[PDB]
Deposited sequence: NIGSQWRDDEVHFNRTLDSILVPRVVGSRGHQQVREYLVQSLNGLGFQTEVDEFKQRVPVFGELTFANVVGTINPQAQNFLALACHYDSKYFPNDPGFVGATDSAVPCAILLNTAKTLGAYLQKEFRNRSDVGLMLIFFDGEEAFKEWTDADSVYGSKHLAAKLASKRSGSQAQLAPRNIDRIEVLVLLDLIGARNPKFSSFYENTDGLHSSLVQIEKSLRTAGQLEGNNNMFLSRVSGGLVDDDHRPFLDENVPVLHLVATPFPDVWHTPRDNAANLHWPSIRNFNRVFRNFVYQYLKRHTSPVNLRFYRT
């Protein structure tokens, strides 16, 4: 029943798909664009801004952007991406199309396509709300290590853990983190036993949409298997606080990952479209079905 809005998606992606290393002009423009976009989609918007010294550049100002609908709800579904792009000395024009402009565009477009629900009937409840989290400073400035990585996520997890209104971080039922989406024929495996039921939901929704003739082409992206390895990402500081994670990161990685080829020209629209159809229904169904607190901390 939920229709595509590809005009919105495209125009959103165009607005984000600019060089946006933390501290750059493009990063500032994207931050402002995210905040404006969230406000216009009906979210209560907050920015978690902070300074931190990193390799190469010294002190930089980071800002996570968080939008919430039903901020006084008991629990939250949280959907996330990173909005910074990776600094490359020899590639100042790097735009990280899959990493993670498309992921961020997907979250905003999910909010757009379900707007008739999110901005109306969904507001009339106290059991669940929706959080969209745009992490800053996911990328290493010199070399990915536990230290040089995920600066925004580290800060936001600490912030959410340090507040009570139970701890704010504890009201997050699951962190659904989208990364490395946009390439052709992506494959998503379940990383964690505790969110396998949610993964199974994605699989079932994709099967159902295919049977209804609603998917483009012949690939299925949601695999019914547990992945044998893990991908380090923005959810690490949330694991550290026992938050359940559904990690929607394609493996294998896009061919273009961390190369000058991670651009608009190498995106695969039919895959993006299929992702959006499954994902928007997954989010709607999670919210629609919710009654009691979902407790996947096991």
| item | value |
| --- | --- |
| Missing residue ranges, deposited sequence indexing starting at 1 | 1 to 4, 170 to 176, 310 to 312 |
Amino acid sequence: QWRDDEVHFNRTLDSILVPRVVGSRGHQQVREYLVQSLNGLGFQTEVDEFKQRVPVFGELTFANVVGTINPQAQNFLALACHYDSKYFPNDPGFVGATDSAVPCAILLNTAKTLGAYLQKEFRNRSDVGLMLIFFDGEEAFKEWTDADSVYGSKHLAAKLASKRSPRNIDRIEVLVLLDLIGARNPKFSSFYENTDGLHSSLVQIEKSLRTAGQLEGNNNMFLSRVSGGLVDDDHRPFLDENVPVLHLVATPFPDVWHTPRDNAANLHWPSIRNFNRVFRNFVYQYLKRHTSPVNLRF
From here on, numbers count along this sequence of modelled residues.
property: Between the two ranges 155 to 163 and 197 to 205, the one averaging a larger CA B factor in the entry; result: 155 to 163
property: Which of 28 to 36 and 52 to 60 has higher mean CA B factor, as the PDB entry lists it; result: 52 to 60
property: Residue of maximum C-alpha B factor among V243, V65, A264, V249, per deposited coordinates; result: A264
property: Selection from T98, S149, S189, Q72 [criterion: highest C-alpha temperature factor in the record]; result: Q72
property: Third of the chain, ranked by Cα B-factor, where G182 sits; result: lowest
property: Entry-reported Cα temperature factor of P270, expressed as the chain third it lands in; result: middle
property: Chain-wide C-alpha B factor ranking for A116, given as lowest, middle or highest third; result: highest
property: CA B-factor placement of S224, once the chain's modelled residues are sorted into thirds; result: middle
property: Third of chain Cα B-factors occupied by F94; result: highest
